[PDB]
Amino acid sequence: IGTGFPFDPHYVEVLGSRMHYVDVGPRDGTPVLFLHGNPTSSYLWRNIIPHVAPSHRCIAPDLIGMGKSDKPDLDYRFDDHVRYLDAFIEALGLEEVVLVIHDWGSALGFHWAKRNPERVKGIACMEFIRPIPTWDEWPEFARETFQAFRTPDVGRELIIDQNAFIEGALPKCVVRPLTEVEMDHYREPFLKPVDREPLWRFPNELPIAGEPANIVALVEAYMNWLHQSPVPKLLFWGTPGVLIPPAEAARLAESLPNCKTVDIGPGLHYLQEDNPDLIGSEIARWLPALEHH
């Protein structure tokens, strides 16, 4: 699995900040917009984009406060991310898109799609955010840790002061071992502890056991939309998974319209790190039939 990031930087000014993004591939056509989550960046997509770029434009932003994007002093709540990403998409003049989404990138992507349904030609998703109704529906192995993250004292100690999301949660949710070169790419945006605010706010925003209520409601709303939308969907899943265990993937296969599911083999949360070649090649193969209006 490749460790390099062979993409030229691009920057756009959004809401007073520069956001970094990958932009490769043909200029015409329907662009494919790749949205990472916590605590990652466009680096997460590095081994997937090369499968898609031969046929389609690939755009992969670093969310505000993350990657090579600027670091304004925000709370980095979901609503902040929504505002910056909405402004990013408009700054690039995107019209119709295909979304490729993961984790908080999937909350952003599904929420954008619900609001802009006529502009989404397809959604490829993996390990995406849905409401987790009770803590029993969160995987046992990660329960005590995420409960600790979701506190005002201990969670900040762990995530901000000790870098637990980068040094602990990230590699623990890749089946294969991440290399030190990979870890350094993930560490780079967060070398200064104070810059880790988004990494703590994100787990505190996850819709778990009814909290926070605003995010539960928003996520319920985009899931209701997804269940009734004809948009083509491509869902990748792994075993045992984290957010989307195998039995849930199977239920979604049958419940979501026009949904293709792909088993990637072993996987926890960062599926892109375990089987990027299958994810990329399946996305590439799936794109052409989406084009016709």
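Note that residue numbering begins at 1 and tracks the sequence as displayed.
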For the stretches 27 to 35 and 232 to 240, which has the higher mean C-alpha B-factor as given in the deposited record?
27 to 35
107 to 115 versus 129 to 137: which one carries the higher mean Cα B factor per the record?
129 to 137
From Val175, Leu206, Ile166, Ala213, residue of greatest CA B-factor:
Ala213
Per the coordinate record, which of the options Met183, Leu94, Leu199, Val98 holds the highest CA temperature factor?
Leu94
Assert third(CA B-factor, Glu248) within chain per record equals highest
Select lowest, middle or highest to describe the third in which the CA B-factor of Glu254 falls within its chain in this entry.
highest
For the chain shown, is the CA B-factor of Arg156 in the lowest, middle or highest third of its modelled residues?
middle
Using only modelled residues of the chain, where does the Cα B factor of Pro72 rank: lowest third, middle third or highest third?
highest
Chain thirds of CA B-factor: placement of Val219:
middle
